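*Asks:* Below are the structure tokens for one structure; questions will follow.
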Amino acid sequence: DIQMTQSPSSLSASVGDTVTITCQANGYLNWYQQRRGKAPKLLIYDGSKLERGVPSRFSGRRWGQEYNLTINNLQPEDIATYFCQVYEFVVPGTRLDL
Amino acid sequence: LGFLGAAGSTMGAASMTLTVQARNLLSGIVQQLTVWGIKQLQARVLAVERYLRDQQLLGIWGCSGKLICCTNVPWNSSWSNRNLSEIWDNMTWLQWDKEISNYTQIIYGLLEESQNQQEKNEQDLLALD
Amino acid sequence: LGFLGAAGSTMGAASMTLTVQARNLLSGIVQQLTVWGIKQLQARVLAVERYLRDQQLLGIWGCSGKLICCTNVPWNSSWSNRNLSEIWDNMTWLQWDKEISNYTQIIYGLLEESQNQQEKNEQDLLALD
Amino acid sequence: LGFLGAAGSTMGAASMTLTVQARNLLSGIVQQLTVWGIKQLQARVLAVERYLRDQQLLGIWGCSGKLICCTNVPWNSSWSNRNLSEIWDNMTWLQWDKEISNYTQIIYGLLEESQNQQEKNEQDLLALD
Amino acid sequence: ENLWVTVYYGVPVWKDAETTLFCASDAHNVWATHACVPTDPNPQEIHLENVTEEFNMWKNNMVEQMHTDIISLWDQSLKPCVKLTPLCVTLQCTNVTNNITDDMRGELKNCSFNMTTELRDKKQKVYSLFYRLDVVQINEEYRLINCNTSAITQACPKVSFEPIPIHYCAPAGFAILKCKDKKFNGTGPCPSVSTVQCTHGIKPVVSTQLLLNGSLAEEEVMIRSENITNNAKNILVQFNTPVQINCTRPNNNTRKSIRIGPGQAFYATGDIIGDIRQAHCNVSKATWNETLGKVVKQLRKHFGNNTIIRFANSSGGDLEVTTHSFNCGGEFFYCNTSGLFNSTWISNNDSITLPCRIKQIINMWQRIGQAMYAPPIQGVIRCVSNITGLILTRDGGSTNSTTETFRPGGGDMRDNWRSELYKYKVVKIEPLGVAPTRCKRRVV
Amino acid sequence: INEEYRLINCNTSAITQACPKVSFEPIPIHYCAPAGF
Amino acid sequence: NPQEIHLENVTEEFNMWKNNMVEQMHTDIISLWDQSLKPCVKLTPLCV
Amino acid sequence: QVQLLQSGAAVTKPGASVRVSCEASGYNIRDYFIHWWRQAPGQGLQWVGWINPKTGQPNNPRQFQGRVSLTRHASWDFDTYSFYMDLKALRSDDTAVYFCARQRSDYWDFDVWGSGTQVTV
Ligand SMILES: *[C@@H]1O[C@H](CO)[C@@H](O[C@@H]2O[C@H](CO)[C@@H](O[C@@H]3O[C@H](CO[C@H]4O[C@H](CO[C@H]5O[C@H](CO)[C@@H](O)[C@H](O)[C@@H]5O)[C@@H](O)[C@H](O[C@H]5O[C@H](CO)[C@@H](O)[C@H](O)[C@@H]5O)[C@@H]4O)[C@@H](O)[C@H](O[C@H]4O[C@H](CO)[C@@H](O)[C@H](O)[C@@H]4O[C@H]4O[C@H](CO)[C@@H](O)[C@H](O)[C@@H]4O)[C@@H]3O)[C@H](O)[C@H]2NC(C)=O)[C@H](O)[C@H]1NC(C)=O
Ligand SMILES: *[C@@H]1O[C@H](CO)[C@@H](O[C@@H]2O[C@H](CO)[C@@H](O[C@@H]3O[C@H](CO[C@H]4O[C@H](CO)[C@@H](O)[C@H](O[C@H]5O[C@H](CO)[C@@H](O)[C@H](O)[C@@H]5O)[C@@H]4O)[C@@H](O)[C@H](O[C@H]4O[C@H](CO)[C@@H](O)[C@H](O)[C@@H]4O[C@H]4O[C@H](CO)[C@@H](O)[C@H](O)[C@@H]4O)[C@@H]3O)[C@H](O)[C@H]2NC(C)=O)[C@H](O)[C@H]1NC(C)=O
Ligand SMILES: *[C@@H]1O[C@H](CO)[C@@H](O[C@@H]2O[C@H](CO)[C@@H](O[C@@H]3O[C@H](CO[C@H]4O[C@H](CO)[C@@H](O)[C@H](O[C@H]5O[C@H](CO)[C@@H](O)[C@H](O)[C@@H]5O)[C@@H]4O)[C@@H](O)[C@H](O[C@H]4O[C@H](CO)[C@@H](O)[C@H](O)[C@@H]4O)[C@@H]3O)[C@H](O)[C@H]2NC(C)=O)[C@H](O)[C@H]1NC(C)=O
Ligand SMILES: *[C@@H]1O[C@H](CO)[C@@H](O[C@@H]2O[C@H](CO)[C@@H](O[C@@H]3O[C@H](CO)[C@@H](O)[C@H](O)[C@@H]3O)[C@H](O)[C@H]2NC(C)=O)[C@H](O)[C@H]1NC(C)=O
Ligand SMILES: *[C@@H]1O[C@H](CO)[C@@H](O[C@@H]2O[C@H](CO)[C@@H](O[C@@H]3O[C@H](CO)[C@@H](O)[C@H](O)[C@@H]3O)[C@H](O)[C@H]2NC(C)=O)[C@H](O)[C@H]1NC(C)=O
Ligand SMILES: *[C@@H]1O[C@H](CO)[C@@H](O[C@@H]2O[C@H](CO)[C@@H](O[C@@H]3O[C@H](CO)[C@@H](O)[C@H](O)[C@@H]3O)[C@H](O)[C@H]2NC(C)=O)[C@H](O)[C@H]1NC(C)=O
Ligand SMILES: *[C@@H]1O[C@H](CO)[C@@H](O[C@@H]2O[C@H](CO)[C@@H](O)[C@H](O)[C@H]2NC(C)=O)[C@H](O)[C@H]1NC(C)=O
Ligand SMILES: *[C@@H]1O[C@H](CO)[C@@H](O[C@@H]2O[C@H](CO)[C@@H](O)[C@H](O)[C@H]2NC(C)=O)[C@H](O)[C@H]1NC(C)=O
Ligand SMILES: *[C@@H]1O[C@H](CO)[C@@H](O[C@@H]2O[C@H](CO)[C@@H](O)[C@H](O)[C@H]2NC(C)=O)[C@H](O)[C@H]1NC(C)=O
Ligand SMILES: *[C@@H]1O[C@H](CO)[C@@H](O[C@@H]2O[C@H](CO)[C@@H](O)[C@H](O)[C@H]2NC(C)=O)[C@H](O)[C@H]1NC(C)=O
Ligand SMILES: *[C@@H]1O[C@H](CO)[C@@H](O[C@@H]2O[C@H](CO)[C@@H](O)[C@H](O)[C@H]2NC(C)=O)[C@H](O)[C@H]1NC(C)=O
Ligand SMILES: *[C@@H]1O[C@H](CO)[C@@H](O[C@@H]2O[C@H](CO)[C@@H](O)[C@H](O)[C@H]2NC(C)=O)[C@H](O)[C@H]1NC(C)=O
Ligand SMILES: *[C@@H]1O[C@H](CO)[C@@H](O)[C@H](O)[C@H]1NC(C)=O
Ligand SMILES: *[C@@H]1O[C@H](CO)[C@@H](O)[C@H](O)[C@H]1NC(C)=O
Ligand SMILES: *[C@@H]1O[C@H](CO)[C@@H](O)[C@H](O)[C@H]1NC(C)=O
Ligand SMILES: *[C@@H]1O[C@H](CO)[C@@H](O)[C@H](O)[C@H]1NC(C)=O
Ligand SMILES: *[C@@H]1O[C@H](CO)[C@@H](O)[C@H](O)[C@H]1NC(C)=O
Ligand SMILES: *[C@@H]1O[C@H](CO)[C@@H](O)[C@H](O)[C@H]1NC(C)=O
Ligand SMILES: *[C@@H]1O[C@H](CO)[C@@H](O)[C@H](O)[C@H]1NC(C)=O
């Protein structure tokens, strides 16, 4: 029985801050980015690999069910909602702000 | 016993079946459409090629015609650190193979020249006596 | 003489041509459509396979590289009852083959182990001296 | 060095690479439509056949398993008239090959019988001692 | 004094490897074509004392080879066969009204057309019975359903499509490891390992929903879903007992022959003798209930044992997976198996007759580049088989570990091959090796 | 065609012909044993 | 080079109608015949 | 270009049956599952289902059983593929942005998304 959690809420961090978000889940975890009026896009998958064409700022790590995602040097263009997903189940979105 | 019976015993005991093991290198294709028959043909070729590659190496090493041989090449002890009896008397040869597996090409080059090319040079000197 | 000339003489005399006989095991395909060419290909494979099977056996027997060899295996006299000179001096080897033909697999197993595996064990003991 | 590096040196120096040279007799087909694949197949067969022909000859000559051997066959000096050091120390083996090239079948027949069949006869006499 | 590494040969070594499998058989049938080399009745298994070996189901490529080997055979059998492209002439039709059982109404049509005689300059009226499944209306008259798709062909009805076991043998210098453990998970190590140079025959037989004539599970019903949390995966189910199934094609089929060119016979369906009845299949009702109970017990191994389990009517999609299908008796059948799934399971007369359908135009596998006509077979068809397993799927999005439900599913033939092939892996023998010795080489 | 004509084989497998250039005149053919035979 | 070798002092059984060289020849020529015709154009327009 | 075609937005009165669609473009559809997702505005995504395009085979949550269907179609030359989603009836809670996606891998990686469409009631 797959279950997942996340701690990000929403974030007020300033531009250029390296920032992080975390989740934990049963199974493999994929993270996504979405903006209003737009389809979601893959960032990192299986808890470790960036999707091709993802900016260098993105990174993350896994420790068992633990998952971490970060953005180095956050840019204003990166303000978006974000996700953690396992198969058909996905966490409600969380988002950057300032 | 039978083929691969030695997988149940330590490396020293495996020596007892070596002639058995060699029996199946070319065996089972002894007696006989593009489908299948071309596949059969490929299998026949493959079996032959692999057999020859081993024979080639043995001829280089001077170990040809033998299932056991005595090379003159010392090995660098760093490759394994176990007492010799502690190796031969307690593992399937395959298990041991996994340990040796990252040094095998070192060894093969050594066998070719450190003893066999060199021996042949000396053999020639003896041939001139 | 020529190939198979020994069929006209007794087994001892047949020894004189053995190197001749070996010449044609791979010969005649040295120089060169699905029809025919596939058949040719099959023939090429067949010749190779048979050649290798014999070589394999000789390597097991330790008789490799020789047309004449000296095994250490005694044979059970019941297989034939003729004075040795009475065999070697009066029959085509083929005739003799027909007499021996029902014991041949006994012999082959003996050659493999009764002397060669055993010898190799002893060789290893000597290798440890 | 590498394959065929010996072409840059005299025959005596060429001996240093002989084990290298033998490496590519079966090599490069180790890892793998009528077009091409049939051609590949033909190439595989060809490589095998040539390899076996040489091995066959060495087994006849008793030089099997060696890149250097010592035949007992004297040669008729008329085939070349140069001091032995004057041959070995100043030409590519290939150049020398061109000189020897019209006597090669004489030699091969000699190797087969003048020493090896004869030796085997003597070996048998020794086997009877 | 210091040890010397030295040469040994023939020592056992295993490497995972792939080679082309060699076909062999016991003792024209499409599946063997009699071209497979006959093999020795000497299944000399060698138990391998003190060993274990990893086996990973769904990783073995023997499965893939089988999957394409049979395809090549199928095409090979049809390349000799005559094209049916003269049949794209439009047809006049009527619903057959002669002695029709009420639930068969509109199943068959009687139709006719102006298609050619074998003479280049002549034509003839022709008519045959047809299944409604093989035609479409020409406009809102009919045309064959595949005339807007790659052409239909058929000849050579003499070849048998009945399954024959097929054996595969390792190439010399290779061997087939197998796992005898009755408890084996589709992946990971097995303690029961023993080996053969070749394998027992496996039938080419296929099904779209239930395994047929497979080997029975050794101990208990078993399930091999891969990583079960991913519900996109097909769930293998293997029965440890047979379930008998009987089926028929009750209509007394008759045959007609047509010349469509020189040398070109064309089969057509003759009028049926007697009353028209639906094809059907009988299974034990009681046994079906019992075996489902065995299955749900197995399902619960991945769930709390008070969880709800459900079965369901197919979710639709293409007919080839929507219904169960088979070629038994040399002719294709489809059936409405959904009645078999009309149950739910909770914590804590004697048989069923499934309805069936027949289509004579077969689009094999997933391919769309080919199609073929299936010839009529005279008389009543009878079929007997053992049901040996299920191909199931699970609905996504379930919560609170309960009310999991399942349906028949899959239909990729690869999973059928896997139902047998999971037992084996191919390895390469590497007889060469070295080991340290107290020996140093002898002086020349 | 009835008791006009048709080719005698139109009710049998189809007739074909091309490539008249190929010769059907006999040529001797030799067969050779495979090596080792 | 039809180098026949007389085999002194031998005899051999030969059975006519048992040799399968005959059969091979019989099907070898058939395969050739078909091979020569597979390139060739169909005459089916002539059934007029 | 692998990107899916996405059908336009639509609105109907409640109880209506509706259809939406997408189309395959730059890749062989046979090798990938297609999935549908929906989200209420102001809300996280909800999985709708998947279809095996080779077989036309749907997979839906118990929540949607008997209310939704998935279909697939292909060009007669098979160089395009299409997908459709049907709803038997609508309620105000069926309003969502709806979209197609491609399953890149068995981790349910979604490297292709339709822009989506807006369905309202
Ligand atoms: C089916 O699908 C599922 C769903 O996705 C697939 O998921 C996989 O499930 C399997 C088994 O359930 C997992 O295997 C096990 O995973 C855990 C977690 O591994 C990570 O954590 C490492 C650190 O772990 C310790 O600390 C954490 C807490 O912070 C605790 O939770 C742990 O318990 C540990 O105490 C970390 O080092 C790993 O990353 C590193 O390694 C990988 C290489 O593997 C590199 O890429 C990374 O970069 C990095 O260097 C990782 O993040 C492990 O704890 C497990 O180890 C135990 O089990 C092994 C065999 O099962 C054994 O070999 C180990 O030595 C260890 O065994 C010990 O512990 C057991 C109890 O925990 C004892 O029983 C045992 O005797 C011994 O004492 C193990 O590796 C997969 O990780 C998981 N997938 C992912 C992505 O996490 C599954 O793969 C699918 N299965 C199939 C068959 O298809
Ligand atoms: C699960 O596996 C099981 C086990 O493999 C399968 O069960 C078998 O499945 C096959 C296929 O459905 C059944 O085969 C069919 O059986 C027909 C009946 O055979 C027996 O009766 C006839 C008289 O009716 C006897 O002549 C036969 O005798 C032969 O067999 C016995 C051995 O059992 C031998 O001792 C004899 O010497 C004979 O060799 C049987 O006793 C049989 O008619 C049918 O064969 C016809 O059709 C095939 C093509 O499909 C033709 O090749 C063949 O020549 C026959 O065709 C003639 O007859 C028809 C008219 O009737 C004419 O139109 C033709 O032109 C031709 O003249 C075939 O063998 C088998 O019976 C069945 N077993 C049982 C126990 O039910 C399941 O299929 C399988 N399930 C899955 C999904 O694969
Ligand atoms: C799995 O199981 C499900 C349910 O058990 C099967 O789904 C049902 O399949 C049948 C046949 O495929 C469907 O019936 C067909 O419906 C059409 C049109 O029906 C409409 O009009 C009816 C009045 O004419 C009305 O009664 C129907 O109302 C039902 O359906 C709606 C849902 O759409 C639902 O809200 C209602 O409550 C009713 O349940 C409906 O509005 C009709 O044209 C068909 O009749 C023709 O064909 C039949 C032979 O099949 C023939 O006998 C007739 O004379 C006529 O030619 C037929 O009745 C049924 O609607 C399906 N159920 C649903 C909910 O959609 C499913 O088929 C099973 N799987 C498989 C693979 O079969
Ligand atoms: C299973 O594997 C183990 C090792 O991996 C094997 O263990 C061996 O078992 C045999 C017989 O059970 C032992 O043999 C006896 O040893 C005494 C001690 O000297 C000897 O005098 C006896 O005559 C007899 O041979 C042996 O000690 C033991 N351990 C080893 C060899 O290291 C076991 O044989 C394997 N089983 C099978 C079926 O292969
Ligand atoms: C035909 O077969 C027979 C045997 O099967 C062969 O018989 C042998 O013939 C030769 C010459 O005719 C004999 O050789 C002579 O013997 C004396 C006796 O010592 C010897 O001193 C001479 O120098 C000479 O070699 C021989 O005795 C005889 N019998 C045998 C060998 O058993 C015959 O040779 C065969 N013919 C052919 C053409 O092969
Ligand atoms: C090109 O071909 C010529 C012969 O065809 C090779 O000539 C050799 O060159 C080497 C080095 O330049 C000479 O070696 C030296 O000789 C002295 C004399 O004893 C020795 O003491 C040194 O230690 C050194 O080895 C050699 O005399 C000369 N001639 C021969 C071998 O006949 C030349 O090597 C070839 N070049 C290449 C790149 O292969
Ligand atoms: C088969 O072809 C014949 C003609 O070759 C069709 O008969 C014609 O039918 C059309 C309309 O139905 C008339 O306009 C013609 O006058 C008819 N021909 C004659 C000679 O009377 C016949 O209908 C076709 N059959 C089918 C089933 O399509
Ligand atoms: C399928 O039908 C056959 C016959 O219609 C059944 O065979 C019977 O098997 C029992 C058990 O051995 C015999 O006692 C009967 O005599 C058989 N019947 C006949 C007519 O021979 C078979 O049981 C049926 N299978 C199922 C699952 O219903
Ligand atoms: C499948 O089994 C059913 C019954 O188990 C058979 O149906 C019977 O059919 C006969 C005549 O058609 C009737 O007299 C019986 O009343 C029917 N039985 C029931 C329970 O309704 C049917 O013939 C069998 N079909 C096959 C192919 O075995
Ligand atoms: C299907 O029906 C046909 C005819 O309606 C049956 O053919 C009969 O076969 C028997 C024995 O072979 C003959 O004695 C009859 O004369 C045939 N009938 C006719 C009209 O010629 C056939 O047997 C039926 N199928 C089955 C399986 O019984
Ligand atoms: C269905 O499968 C069962 C089991 O494989 C078959 O019953 C076997 O029959 C053979 C030969 O009659 C026996 O040697 C086996 O011992 C039987 N199995 C068991 C478990 O005892 C049955 O024959 C199969 N059905 C058909 C129609 O062949
Ligand atoms: C072959 O053409 C037929 C139409 O002749 C196509 O059938 C369509 O099938 C779908 C699903 O049942 C219906 O929505 C259409 O209305 C049908 N069309 C018609 C003409 O009835 C089928 O798609 C065609 N195949 C090819 C590959 O294009
Ligand atoms: C052993 O080998 C390593 C590398 O293979 C080398 O660095 C080291 O000097 C060697 N030492 C001895 C004693 O052989
Ligand atoms: C061989 O090398 C690989 C990578 O360098 C290492 O992971 C492995 O443990 C080594 N094994 C042995 C037996 O040397
Ligand atoms: C000879 O062999 C037979 C069977 O091969 C055996 O019965 C007999 O004891 C043996 N005797 C001798 C003396 O070898
Ligand atoms: C070989 O055995 C067969 C049958 O056992 C017998 O007929 C024949 O005479 C025997 N021949 C020889 C040479 O042993
Ligand atoms: C050398 O050989 C030639 C022919 O090859 C021969 O005529 C001559 O007698 C031989 N002389 C010597 C001394 O070998
Ligand atoms: C070999 O013989 C040919 C012709 O007999 C002659 O032209 C050539 O020079 C000879 N070469 C050698 C190296 O003997
Ligand atoms: C044939 O059957 C269909 C439905 O099964 C019906 O719509 C049509 O009117 C029928 N036509 C005739 C001539 O009976």
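All residue names refer to the structure tokens as shown: chains lettered A, B, ... in order, residues numbered from 1 in each chain, ligands numbered from 1 in order.
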Skipping near chain neighbours, those fewer than 6 positions away, what residues fall within 9 Å of residue D:23 using only C-alpha atoms, listed as a PyMOL selection string?
*Replies:* (chain B and resi 56-57) or (chain D and resi 3)
*Asks:* Could I get the residue neighbourhood of ligand 16 at 6 Å, counting only C-alpha atoms and all ligand atoms, as a list in words?
*Replies:*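 With only C-alpha atoms and all ligand atoms and a cut-off of 6 Å, ligand 16 is contacted by residues 98, 99, 100, 101 and 102 of chain C.
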*Asks:* Please produce a file of those selected residues containing N, CA and C atoms, as a compact mmCIF listing (two decimals), in the first residue's frame.
*Replies:*
```txt
# COMPACT_ATOMS: atom_id res chain seq x y z
N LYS C 98 36.20 -54.32 -37.79
CA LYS C 98 34.93 -54.95 -37.60
C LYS C 98 34.93 -55.85 -36.38
N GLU C 99 36.05 -56.54 -36.13
CA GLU C 99 36.11 -57.37 -34.93
C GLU C 99 36.04 -56.57 -33.63
N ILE C 100 36.83 -55.50 -33.56
CA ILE C 100 36.85 -54.65 -32.37
C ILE C 100 35.61 -53.83 -32.13
N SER C 101 34.81 -53.63 -33.18
CA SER C 101 33.73 -52.67 -33.16
C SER C 101 32.74 -52.70 -32.01
N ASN C 102 32.58 -53.80 -31.29
CA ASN C 102 31.63 -53.72 -30.20
C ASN C 102 32.26 -53.40 -28.86
```
*Asks:* Identify, on the basis of only C-alpha atoms, every residue whose closest approach to residue C:51 does not exceed 12 Å; exclude the query and any residue fewer than 5 positions from it along the same chain; express the result as a compact mmCIF listing (two decimals) with N, CA, C and O atoms, in the first residue's frame.
*Replies:*
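The result, stored in selection_28.txt:
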```
# COMPACT_ATOMS: atom_id res chain seq x y z
N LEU B 26 31.94 -29.57 -27.85
CA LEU B 26 31.47 -29.72 -29.23
C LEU B 26 30.25 -30.65 -29.39
O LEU B 26 29.72 -30.79 -30.49
N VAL B 30 26.33 -33.49 -33.08
CA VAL B 30 26.93 -34.57 -33.83
C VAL B 30 26.01 -35.23 -34.85
O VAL B 30 26.47 -35.66 -35.91
N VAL B 48 32.16 -24.06 -32.61
CA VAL B 48 33.49 -24.25 -33.11
C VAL B 48 34.40 -23.12 -32.79
O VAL B 48 35.54 -23.34 -32.40
N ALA C 22 45.92 -38.59 -43.27
CA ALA C 22 45.51 -37.39 -42.59
C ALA C 22 45.40 -36.19 -43.51
O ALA C 22 44.72 -35.22 -43.17
N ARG C 23 46.03 -36.25 -44.67
CA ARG C 23 46.02 -35.12 -45.56
C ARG C 23 44.67 -34.75 -46.08
O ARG C 23 44.44 -33.58 -46.39
N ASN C 24 43.78 -35.71 -46.22
CA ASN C 24 42.52 -35.36 -46.83
C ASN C 24 41.39 -35.09 -45.89
O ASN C 24 40.24 -35.01 -46.33
N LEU C 25 41.67 -34.97 -44.60
CA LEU C 25 40.58 -34.71 -43.69
C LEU C 25 39.92 -33.35 -43.90
O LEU C 25 38.70 -33.23 -43.77
N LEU C 26 40.72 -32.32 -44.20
CA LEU C 26 40.19 -30.99 -44.50
C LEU C 26 40.32 -30.55 -45.96
O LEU C 26 39.84 -29.48 -46.35
N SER C 27 41.02 -31.35 -46.75
CA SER C 27 41.34 -31.06 -48.16
C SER C 27 40.21 -31.07 -49.18
O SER C 27 39.21 -31.77 -49.02
N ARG C 44 31.37 -27.75 -45.63
CA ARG C 44 32.52 -27.16 -44.98
C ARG C 44 32.42 -27.30 -43.50
O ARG C 44 33.40 -27.63 -42.83
N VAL C 45 31.21 -27.10 -42.99
CA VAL C 45 31.01 -27.23 -41.57
C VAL C 45 31.19 -28.63 -41.10
O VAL C 45 31.83 -28.86 -40.07
N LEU C 46 30.66 -29.58 -41.86
CA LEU C 46 30.79 -30.96 -41.48
C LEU C 46 32.20 -31.42 -41.39
O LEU C 46 32.57 -32.12 -40.45
N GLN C 56 39.82 -33.53 -30.43
CA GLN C 56 39.43 -33.44 -29.06
C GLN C 56 39.74 -34.70 -28.32
O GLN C 56 40.30 -34.66 -27.23
N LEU C 57 39.43 -35.83 -28.94
CA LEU C 57 39.70 -37.09 -28.29
C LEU C 57 41.15 -37.35 -28.09
O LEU C 57 41.55 -37.85 -27.04
N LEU C 58 41.96 -36.97 -29.07
CA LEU C 58 43.38 -37.19 -28.92
C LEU C 58 43.95 -36.36 -27.81
O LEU C 58 44.82 -36.81 -27.06
N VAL D 48 38.22 -19.98 -39.90
CA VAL D 48 38.42 -21.24 -39.25
C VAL D 48 39.16 -22.22 -40.07
O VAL D 48 40.05 -22.90 -39.57
N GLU D 49 38.81 -22.30 -41.34
CA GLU D 49 39.46 -23.26 -42.18
C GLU D 49 40.92 -23.02 -42.34
O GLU D 49 41.71 -23.96 -42.28
N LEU D 52 42.80 -24.04 -39.21
CA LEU D 52 42.95 -25.46 -39.07
C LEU D 52 43.96 -26.05 -40.00
O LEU D 52 44.64 -27.00 -39.62
N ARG D 53 44.09 -25.50 -41.20
CA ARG D 53 45.05 -26.07 -42.11
C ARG D 53 46.45 -25.91 -41.59
O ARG D 53 47.27 -26.82 -41.71
N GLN D 55 47.25 -25.67 -38.42
CA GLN D 55 47.42 -26.50 -37.26
C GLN D 55 47.63 -27.93 -37.66
O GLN D 55 48.40 -28.64 -37.02
N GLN D 56 46.97 -28.33 -38.73
CA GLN D 56 47.13 -29.66 -39.23
C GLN D 56 48.54 -29.92 -39.63
O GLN D 56 49.11 -30.95 -39.28
N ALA F 35 35.30 -33.21 -47.62
CA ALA F 35 36.56 -33.63 -47.06
C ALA F 35 36.28 -34.65 -45.95
O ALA F 35 35.27 -34.55 -45.25
N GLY F 36 37.17 -35.62 -45.80
CA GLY F 36 36.97 -36.70 -44.83
C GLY F 36 36.02 -37.82 -45.35
O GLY F 36 35.67 -38.73 -44.59
N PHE F 37 35.65 -37.75 -46.63
CA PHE F 37 34.79 -38.76 -47.26
C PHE F 37 35.34 -39.11 -48.62
O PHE F 37 36.14 -38.36 -49.18
```
*Asks:* If DSSP is run on the backbone, what residues of stretch 257-300 of chain E are helix (DSSP H, G or I)? A reply as a list in words would be ideal.
*Replies:*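 After running DSSP on the backbone, stretch 257-300 of chain E has helix (DSSP H, G or I) at residues 285, 286, 287, 288, 289, 290, 291, 292, 293, 294, 295, 296, 297, 298, 299 and 300 of chain E.
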*Asks:* Tell me which protein, DNA and RNA residues are within 6 Å of stretch 7-10 of chain B, counting only C-alpha atoms, leaving out same-chain ones fewer than 5 positions away, and put them as a list in words.
*Replies:*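 The filter keeps residues 89, 90, 91 and 92 of chain B; 49 and 50 of chain E.
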*Asks:* Would you save the residues from that selection as a PDB file, in the first residue's frame, using N, CA and C atoms?
*Replies:*
```pdb
ATOM      1  N   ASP B  89      40.390 -25.665  -0.686  1.00  0.00           N
ATOM      2  CA  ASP B  89      39.515 -26.561   0.024  1.00  0.00           C
ATOM      3  C   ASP B  89      38.161 -26.017   0.446  1.00  0.00           C
ATOM      4  N   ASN B  90      37.789 -24.792   0.079  1.00  0.00           N
ATOM      5  CA  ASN B  90      36.474 -24.368   0.559  1.00  0.00           C
ATOM      6  C   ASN B  90      35.579 -23.592  -0.395  1.00  0.00           C
ATOM      7  N   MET B  91      35.807 -23.642  -1.698  1.00  0.00           N
ATOM      8  CA  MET B  91      34.873 -22.893  -2.536  1.00  0.00           C
ATOM      9  C   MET B  91      34.645 -23.496  -3.893  1.00  0.00           C
ATOM     10  N   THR B  92      33.475 -23.228  -4.457  1.00  0.00           N
ATOM     11  CA  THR B  92      33.191 -23.674  -5.802  1.00  0.00           C
ATOM     12  C   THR B  92      34.123 -22.900  -6.683  1.00  0.00           C
TER      13      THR B  92
ATOM     14  N   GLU E  49      24.274 -30.418  -6.781  1.00  0.00           N
ATOM     15  CA  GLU E  49      24.389 -30.364  -5.344  1.00  0.00           C
ATOM     16  C   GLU E  49      25.070 -29.087  -4.902  1.00  0.00           C
ATOM     17  N   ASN E  50      24.612 -28.535  -3.793  1.00  0.00           N
ATOM     18  CA  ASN E  50      25.206 -27.357  -3.169  1.00  0.00           C
ATOM     19  C   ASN E  50      25.337 -26.143  -4.071  1.00  0.00           C
TER      20      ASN E  50
END
```
*Asks:* So, counting only C-alpha atoms and all ligand atoms, which residue among E:146, E:338, E:291, E:229 is closest to ligand 3?
*Replies:*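 When distances to ligand 3 are compared using only C-alpha atoms and all ligand atoms, the smallest one comes from E:338.
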*Asks:* Go ahead and compute the interatomic distance for atom CA of residue E:35 and atom CA of residue B:29, in Å to one decimal.
*Replies:* 15.1 Å
*Asks:* Neighbours of stretch 94-100 of chain H within 7 Å (only C-alpha atoms; same-chain residues fewer than 2 positions away dropped), as a list in words?
*Replies:*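 My reading of the contact set: residues 22, 34, 35, 36, 37, 38, 39, 40, 41, 90, 91, 92, 113, 114, 115, 116, 117, 118, 119, 120 and 121 of chain H.
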